*Asks:* 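The structure follows.
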Amino acid sequence: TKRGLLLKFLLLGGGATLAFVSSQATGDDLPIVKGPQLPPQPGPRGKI
Amino acid sequence: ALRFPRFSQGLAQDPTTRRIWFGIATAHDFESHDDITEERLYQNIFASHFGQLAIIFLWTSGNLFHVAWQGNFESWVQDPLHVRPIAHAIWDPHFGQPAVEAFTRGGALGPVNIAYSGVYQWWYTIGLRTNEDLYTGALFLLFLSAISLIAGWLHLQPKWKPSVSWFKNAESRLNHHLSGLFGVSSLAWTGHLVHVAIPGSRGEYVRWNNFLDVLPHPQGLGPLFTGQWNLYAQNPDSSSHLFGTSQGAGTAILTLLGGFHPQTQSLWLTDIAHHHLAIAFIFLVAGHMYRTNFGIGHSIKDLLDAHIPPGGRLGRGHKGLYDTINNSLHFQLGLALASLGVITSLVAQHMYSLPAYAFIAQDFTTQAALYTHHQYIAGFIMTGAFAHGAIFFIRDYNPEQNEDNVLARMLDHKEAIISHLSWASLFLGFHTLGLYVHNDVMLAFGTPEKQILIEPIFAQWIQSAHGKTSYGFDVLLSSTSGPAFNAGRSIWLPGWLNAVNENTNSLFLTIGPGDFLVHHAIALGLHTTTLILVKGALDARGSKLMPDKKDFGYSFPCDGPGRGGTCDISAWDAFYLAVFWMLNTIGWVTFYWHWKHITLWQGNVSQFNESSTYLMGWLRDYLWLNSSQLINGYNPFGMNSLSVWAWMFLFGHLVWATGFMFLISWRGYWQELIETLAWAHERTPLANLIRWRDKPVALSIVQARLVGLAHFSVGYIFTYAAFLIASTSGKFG
Amino acid sequence: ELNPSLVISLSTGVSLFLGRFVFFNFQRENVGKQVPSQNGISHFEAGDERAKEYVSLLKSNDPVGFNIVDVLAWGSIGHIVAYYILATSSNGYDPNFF
Amino acid sequence: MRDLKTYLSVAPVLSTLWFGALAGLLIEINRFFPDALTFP
Amino acid sequence: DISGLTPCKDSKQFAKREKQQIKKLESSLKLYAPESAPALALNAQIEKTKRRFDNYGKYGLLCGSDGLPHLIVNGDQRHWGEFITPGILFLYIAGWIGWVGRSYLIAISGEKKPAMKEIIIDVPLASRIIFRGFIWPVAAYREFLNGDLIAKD
Amino acid sequence: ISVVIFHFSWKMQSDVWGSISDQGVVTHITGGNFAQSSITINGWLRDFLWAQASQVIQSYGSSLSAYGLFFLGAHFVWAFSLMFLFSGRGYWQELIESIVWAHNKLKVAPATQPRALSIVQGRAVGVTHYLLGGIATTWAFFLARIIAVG
Amino acid sequence: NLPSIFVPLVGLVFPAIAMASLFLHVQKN
Amino acid sequence: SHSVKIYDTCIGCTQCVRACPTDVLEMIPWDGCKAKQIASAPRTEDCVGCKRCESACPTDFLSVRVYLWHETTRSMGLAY
Amino acid sequence: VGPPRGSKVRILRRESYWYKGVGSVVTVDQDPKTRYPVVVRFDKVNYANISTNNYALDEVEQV
Ligand code: CLA
Ligand code: CLA
Ligand code: CLA
Ligand code: CLA
Ligand code: CLA
Ligand SMILES: CC1=C(/C=C/C(C)=C/C=C/C(C)=C/C=C/C=C(C)/C=C/C=C(C)/C=C/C2=C(C)CCCC2(C)C)C(C)(C)CCC1
Ligand SMILES: CC1=C(/C=C/C(C)=C/C=C/C(C)=C/C=C/C=C(C)/C=C/C=C(C)/C=C/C2=C(C)CCCC2(C)C)C(C)(C)CCC1
Ligand SMILES: CCCCCCCCCCCCO[C@@H]1O[C@H](CO)[C@@H](O[C@H]2O[C@H](CO)[C@@H](O)[C@H](O)[C@H]2O)[C@H](O)[C@H]1O
């Protein structure tokens, strides 16, 4: 019920929780964490 | 002012949402703030320049850090023709697995973006080779940004504030900028080129830890202080030289070869060093012109006052102009913006035809992106130059102190100027459009031989004067027995002529009837844009419809519905109108450049030669033909790496369309609609418990024009950027 | 084959002689009419204390008033000419006109 | 009669008559001298 | 020739274009009876194309590497029929029109309500004025010397 | 109305109109691509606007050449309308003030004083040209496509 | 390592804190 | 509050006053014109800025001038 | 006092629509307390469709 305390607590704790959850995500939850699984495609004129 | 903005008490008492919108939009207009003085104005501008420099340094440091951290620079410097440079990594939680697979390019282990800014080639050319070099460059740039912020804070303190008289010492600042900021910087750059870059291109690795132990030249400063400077040019790199290695490497540091490097297809490094040394000498000499403290030099005021023709045709000549220029920051800003906009286009036109970076020329996407980027920047800067010139006439112009000088006579015959500009623009538009429509009608009726195809003979003759032999004109450098060719026969003409007559680079491309029409379209666009801007600037103080326009400021909505109607009568509205024409003109030149280069890179210039003579050719063979790969970035069968550009294409279309709303619909309709929403909120249960604190109102008349123009420009830029990058990256020319 | 010391000394001497005996009057009568000023007054009078002229530096006991600044200017011109001669004579440039 | 002649002298009627005559002249010239790119 | 262009009587691309146009026209001829009116109309088009190409050959036009005529404007004395003579004729017609307009505007200026002769044209007065443009260069020059051309404000 | 007619055209070309052989097999004009492609804006851009405009843009030199010309003309008129829609008469009256000076210098200034169009009239001209250009673009594109492929 | 932590901070948390602070600033007095 | 000003080119035909939608202007005695009256704007705090007075101004140039200034709840015509 | 009635006069007021033009004097007020006594009629209408205006004695030149 302290509005000054509640705003700071919500903002800081929510940011910390968001960062922690993003840092604890596995490859099953996020494709970006899983990473590529296929051999890479070549370029239009032989560039890699 | 008790609320926001604190610099405008009148805005602070506004009980509507307009208090916020305007507070953001007038933050940097220091001249119109409450209790402003000239000293405070100059000091605030001086402080803001340091912050701008700090931001510039931070941006470059970020680019260097990300290239060193997530890029493939070390693998790229070993295969510049087959490795795609990486800008930075991608971490988006919204990505799907096919997106993760498709964006894994280069030799990276995850999604990445391919850099099209050309930083890799630029950094490779100047000697940087390892990731640690980029890491230590980024730290230095961060240090510079911090020091700029510290200086900006320091010169705002009571004991370090500079006075107005110091800011108005034009002679000393001109001397120091011409001699130190331009001359000495160039000398330092050619020193770097001689000590690091040139050795770097021959396999020598020179850094801070060993540059005091390695001789840049075998003779070591002997010839320089003796006078036989030719010893620095005797043995240049062979034509079989491979960049970065010692195979075919010479010992010269300052040459005048001309042409391009056979392997890298770029300018010789020694030529660049010699150029910068010559420019440093020129600027150092030029920096000793004005009188500062030692009893020698010139006074700009006396120079301007003495240049009055005795015939009286220029009136009082340039008398008094020193005070108007020195006491007006808008005059200075307009001059600076005009010059900078001219040289931005100069850079754009010179970088594509005379590449200076190793292995840039055969990186087509980077070249196209750079040319478009710099031309659009120049287009915006040139509009700014006229906008601030118009602001000067309202805020800073003193008619009594400028009696009958070259600046008052412009206001005297503004009508003659505007009418003649209008005639030129009308003539160009009429005849260019008529010829285009005639050719279109001939092509529609199956008779392409009835087209009006005018040969651009003046420009072909100019090209032949530069040594091009594709037209058989035999003039000046194209001739063998002339004095002009005989003078440079053994200095630079061999290499320059070999590069010019090489028909697969961008040096003096062959032109035909298709170029003649597009060049006149560009001329019409230029003339119309200058017409709008000049009419706005010269009518800023008033006209017959509004004799007291200077009494209302640079930006006001209107004078009302009386006297027939006064829509878009302010000088700001002239700039708002001219931005559309600038965008159209730059789009024309960029379309021309892109279509002329994409066909040359494909090996069939005849596609452009025959299809550029009528506008349906432009619509079909340039826009429709080259959008097949881009619009297939994502389809019901899958996606590929071009999906970002496909999304951005439609994003730009949507923003461009949204701008039409603000540009077409006007305020009263929206205000009358917002009233009903206010009633509805005030009568809705469980929502009466929530009340707004700023009264909701529609956007202002001038605010809506700015918002619509911003949406229009953002869509215009993004749509073409996506199309250009995707079309040049689907096939790589 | 051109002696650098002889060329530099002769060019500096000629430039100083020209500045002291030939072009002195024109230069002085022209600097007399060109003094930088803002809003009708000099930069120092406006309030710029860094723009004050160095009276103790420009004074000299020369019979016509030749001072160290004139020496520096004319010597710089002479050195530029001398090094132009040395750099233009060492190279084997031949404009093949005839 | 006088009023009808006054009406036939109004701008749109005179304009359509003049441009019709011009169009007919140009059409007949192109019918008898077609495909002219130069002036011999 | 000029600017690397070849005359259209020599260039093979011009003849190839002429052959392909006739071949395109002759493909639709196969769908009609040899005596029908559409067959008679396509034959007239074939003759028109042949005459056009023969004329372009005879007039001495220059053709590029695409088989299409190219105009020469710089001022070459053997190419005046493409820009110079037509331009002179245009400048004679346009000056005629401008001078007849100016004389009519001057003639009605001194009346009670001169805006009524600008929406309802005095046709006899226009008939009087119209044929004065045949000598428009002489009069336009002569009011330049005297000073009746430019209003000195 | 533009969205309605686009919907009608794509649906009829994809799921109703077509050809039938003497085997009992139906082949539609666009092969039933509406269901999976008309659900994205990119689908409308690619499979409808880009794909079906291929007729009107290659109609030059044929009997349908008048539709490409009208296509370009409609685009031109639609773009022309934006000059009237985005500006106001205060700029144009001031611009006319300079041309009137040039006419007065040569004694060719008309008695009927030139005026910029009224505020309401400019809106009417802009909307009329906008509608004409937009409707004519679809007229030409639809007619060329459905005559060539229909 | 770092991107998984930094991207949510710059894209969500920092804009939220800045928006809250700016709103409280503009609603003052 | 907007700024409304009156210049002595007034001919005193009272056209501005009866065109005011918020009763900002009024007519006061004078001696500089044949009508012996000039316009005044004593209630510019009720000005909305519609510039209806300038549309009714017969003088060339205008004798009544409206300059749009700081915005209040009265000047924006807000009823909520 | 003032130019004779019916004469032709050039306008010197900068903000006037007929600046540097020519009009005809209709009446001139004789009251010394009148600031702009010269009434002038013009052939062309201004942007407000008005053909008459009052000018001071020093803004009018007899031609
Ligand atoms: C030798 C002494 C010296 C030097 C080096 C400078 C240097 C500078 N002064 Mg300065 N100043 C001096 C003496 C000096 N001043 C004196 C004596 C006075 C008092 C009379 C002033 C009064 C003064 C004021 C009042 C202001 C400055 C400002 C500036 C800065 C300008 C912004 C900038 O970085 O532009 C950089 C400019 C260049 C590098 C040269 C132009 C380069 C061209 C346009 C491009 C061509 C280069 C090349 C082709 C491109 C590179 C390609 C690739 C590398 C990307 C700059 C750092 C301004 C500022 O921002 O201060 C914070 C400012 O407001 N000065
Ligand atoms: C060295 C360059 C320079 C400098 C120092 C200035 C300085 C100034 N200009 Mg100026 N100007 C410049 C260049 C410059 N300008 C150029 C190049 C143009 C042409 C485009 C203009 C056009 C211009 C106008 C028309 C006006 C000024 C004004 C001003 C003054 C106040 C600015 C202000 O309030 O900012 C406020 C600026 C903003 C709030 C910026 C708005 C945001 C813009 C639209 C960017 C939006 C980008 C968009 C969000 C991207 C979206 C991406 C998408 C993916 C979402 C100030 C003295 C104003 C003034 O007071 O004049 C008397 C004024 O009316 N200038
Ligand atoms: C494609 C759209 C388009 C077109 C064609 C134009 C055309 C023109 N603009 Mg413009 N403009 C546009 C969009 C466009 N604008 C937009 C979006 C804006 C932003 C609001 C502006 C803002 C703008 C400003 C601010 C200015 C112009 C000016 C001009 C004129 C420049 C002179 C010229 O080119 O003469 C060539 C003329 C043309 C190409 C007009 C077409 C003539 C047709 C083809 C001939 C007649 C055909 C036929 C006989 C008519 C029959 C139809 C009917 C009778 C049945 C010209 C009329 C300038 C101006 O007035 O200078 C004189 C000027 O100051 N424009
Ligand atoms: C008497 C006819 C006449 C004459 C002599 C001129 C003369 C001139 N005009 Mg002009 N003009 C005219 C009519 C005329 N105009 C009309 C009717 C319009 C409205 C469409 C314009 C609109 C116009 C603009 C917008 C501009 C000029 C400009 C100019 C000047 C440069 C030439 C130019 O650009 O031409 C171009 C002329 C046109 C585009 C209009 C031509 C219209 C037709 C051909 C004229 C027909 C006149 C009449 C119907 C015939 C009289 C019949 C009578 C015997 C009964 C020049 C002084 C330019 C200027 O001031 O720069 C110096 C400029 O920017 N004019
Ligand atoms: C850089 C900006 C950014 C970032 C990093 C994200 C990140 C994310 N968005 Mg997202 N989004 C953004 C901008 C951003 N968004 C914008 C601008 C829009 C508007 C167009 C959207 C619209 C959007 C939608 C519509 C959806 C997402 C979803 C997601 C999540 C997808 C991952 C997943 O499948 O796990 C899913 C994981 C969960 C559902 C559990 C999350 C539990 C969190 C970690 C608890 C912590 C919350 C914390 C206490 C609150 C802090 C607030 C802060 C102010 C302090 C991910 C967290 C999707 C989702 O499910 O997220 C809710 C989803 O449906 N976003
Ligand atoms: C409005 C205004 C303003 C502005 C203006 C402007 C913006 C302008 C622009 C301008 C411009 C933008 C200009 C440009 C120019 C350019 C030029 C001038 C160029 C030149 C060149 C040359 C001269 C060259 C020559 C040559 C050589 C040397 C070599 C090669 C050959 C030749 C021969 C070509 C101001 C602020 C002032 C103020 C007032 C108002
Ligand atoms: C006292 C006396 C006398 C004497 C005098 C004298 C002897 C003087 C001298 C003087 C001198 C002796 C001077 C000098 C000067 C010099 C200078 C001043 C120099 C400068 C230089 C420079 C400037 C350089 C530059 C450069 C460089 C750095 C690099 C290379 C290139 C160049 C060259 C560019 C007498 C007897 C007469 C008499 C009386 C007494
Ligand atoms: C106004 C400031 C003073 C101006 C005058 C300064 C001196 C002018 C030139 C005088 C003669 C200089 O002559 C030149 O000196 C340099 C400096 O050592 C020598 O340079 C020599 O030592 C330097 C380091 O000390 C080495 O980097 C170099 O490889 C070596 O050659 C040259 O071998 C000699 O030819």
Side-chain angles (χ1 to χ4, degrees), chain B residues 21 24-32 45 48-49 52 324-325 328-342 377 379-397 407 410 418 421-434 437 462 524-525 527-538 540 553-555 568 571-584 648 651-652 655 663 702 706-707 709-715 717-718, chain F residues 73 75-88 91-92 95-96 99:
Chain B
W21 290 119
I24 310 180
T26 66
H28 305 162
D29 191 13
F30 301 149
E31 258 154 341
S32 86
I45 295 162
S48 278
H49 290 178
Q52 162 76 104
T324 109
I325 294 193
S328 180
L329 290 170
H330 293 288
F331 206 122
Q332 306 173 34
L333 190 46
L335 282 170
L337 285 168
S339 301
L340 188 74
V342 162
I377 285 183
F380 273 106
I381 296 184
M382 273 298 273
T383 62
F386 278 98
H388 278 279
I391 298 147
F392 151 78
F393 266 134
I394 309 202
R395 300 202 168 169
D396 301 306
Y397 180 61
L407 182 73
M410 317 285 317
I418 289 159
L421 264 168
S422 205
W423 175 85
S425 68
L426 266 178
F427 174 87
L428 284 152
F430 274 146
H431 290 91
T432 300
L433 175 68
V437 175
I462 285 200
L524 151 81
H527 275 82
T528 316
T529 313
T530 75
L531 171 54
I532 306 159
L533 292 161
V534 166
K535 185 251 158 196
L538 286 177
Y554 177 60
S555 196
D568 283 80
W572 187 95
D573 299 337
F575 156 86
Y576 150 86
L577 294 162
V579 168
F580 294 92
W581 263 99
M582 176 262 322
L583 279 173
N584 178 70
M648 173 165 348
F651 173 88
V655 181
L663 301 168
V702 185
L706 177 59
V707 167
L709 189 57
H711 287 70
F712 193 100
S713 325
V714 165
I717 297 302
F718 272 62
Chain F
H75 276 75
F76 175 87
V77 174
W78 181 81
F80 190 70
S81 83
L82 304 179
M83 170 165 60
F84 295 84
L85 282 173
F86 293 168
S87 57
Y91 168 88
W92 296 104
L95 172 75
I96 287 169
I99 303 169

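Quick note: numbers below take in every heavy atom, side chains included, and nothing from hydrogens, waters or symmetry partners. Note that ligands are numbered from 1 as they come in the structure, with each ligand's atoms numbered from 1 the same way. Just so it is clear: chains get the letters A, B, ... in the order the sequence lines come, proteins before strands, and each one is counted from 1.
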*Asks:* Going by the angle between their ring planes, with limits at 30° and 60°, are B:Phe580 and B:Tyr576 parallel, tilted or perpendicular?
*Replies:*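 It falls in the perpendicular class, over 60°.
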*Asks:* When you measure from atom 4 (C) of ligand 6 to each heavy atom in B:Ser328, B:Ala338, B:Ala385, which option holds the nearest one?
*Replies:*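 Minimum heavy-atom distance to atom 4 (C) of ligand 6 goes to B:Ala385.
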*Asks:* Which of the listed options, B:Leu706, B:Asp29, B:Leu333, B:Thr26, holds the heavy atom that is closest to atom 59 (C) of ligand 2?
*Replies:*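 Going through B:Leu706, B:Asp29, B:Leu333, B:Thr26 one by one, B:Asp29 has the nearest heavy atom to atom 59 (C) of ligand 2.
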*Asks:* Can you confirm whether something in the protein, heavy atoms only, sits under 4.0 Å from atom 23 (C) of ligand 2?
*Replies:*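 It does not; no protein heavy atom is within 4.0 Å.
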*Asks:* Over 60° means perpendicular and under 30° means parallel, so classify the ring planes of B:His431 and B:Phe427, tilted if in between.
*Replies:*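 Ring orientation of B:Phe427 relative to B:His431: tilted.
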*Asks:* Identify which of B:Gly384, B:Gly553, B:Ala387 has a heavy atom lying nearest to atom 18 (C) of ligand 2.
*Replies:*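 It is B:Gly384 whose heavy atom sits nearest to atom 18 (C) of ligand 2.
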*Asks:* When you measure from atom 6 (C) of ligand 6 to each heavy atom in B:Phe331, B:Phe386, B:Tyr397, which option holds the nearest one?
*Replies:*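 The nearest heavy atom belongs to B:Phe386.
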*Asks:* Which option wins on minimum heavy-atom distance to atom 34 (O) of ligand 2: B:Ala390, B:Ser555, B:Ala25?
*Replies:*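 Comparing heavy atoms across B:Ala390, B:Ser555, B:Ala25, the nearest one to atom 34 (O) of ligand 2 lies in B:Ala25.
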*Asks:* Please classify the B:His330 to ligand 6 contact at 4.0 Å (heavy-atom distances, strictly less than): side chain, backbone, both or neither.
*Replies:*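 The answer is neither; B:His330 stays 4.0 Å or more away.
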*Asks:* Within a strict 4.5 Å, meaning less than it, do heavy atoms of the B:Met382 and B:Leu337 side chains meet?
*Replies:*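 SC-SC contact between B:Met382 and B:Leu337 ruled out.
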*Asks:* Is the closest N or O pair between F:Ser87 and ligand 3 shorter than 3.5 Å?
*Replies:*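 In fact, backbone or side chain, F:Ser87 has no N or O that close.
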*Asks:* Return the closest protein heavy atom for atom 12 (C) of ligand 6 as residue, atom name and distance.
*Replies:*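 Ranking protein heavy atoms by distance from atom 12 (C) of ligand 6, first comes B:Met382 CE, 3.5 Å.
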*Asks:* Answer with yes or no whether F:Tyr91 contacts ligand 3, where contact means a heavy atom under 4.0 Å from a ligand atom.
*Replies:*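 A heavy atom of F:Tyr91 does come that close to ligand 3.
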*Asks:* Scan the protein's non-hydrogen atoms and note whether one is under 4.0 Å from atom 30 (C) of ligand 3.
*Replies:*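 It does not; no protein heavy atom is within 4.0 Å.
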*Asks:* Can you tell which of B:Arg395, B:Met582, B:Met382 gets a heavy atom nearest to atom 62 (C) of ligand 2?
*Replies:*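 It is B:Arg395 that holds the nearest heavy atom.
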*Asks:* Using protein heavy atoms only, decide if any is under 4.0 Å from atom 38 (C) of ligand 2.
*Replies:*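 No, there is none.
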*Asks:* Pick whichever of B:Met648, B:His28, B:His388 has a heavy atom sitting closest to atom 7 (C) of ligand 2.
*Replies:*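 Nearest option to atom 7 (C) of ligand 2, by heavy atoms: B:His388.
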*Asks:* With atom 40 (C) of ligand 6 as the reference point, say which of B:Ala540, B:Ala390, B:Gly389 has the nearest heavy atom.
*Replies:*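 The residue whose heavy atom sits nearest atom 40 (C) of ligand 6 is B:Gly389.
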*Asks:* Counting heavy atoms only, which part of B:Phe30 comes closer than 4.0 Å to ligand 2: side chain, backbone, both or neither?
*Replies:*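 The answer is neither.
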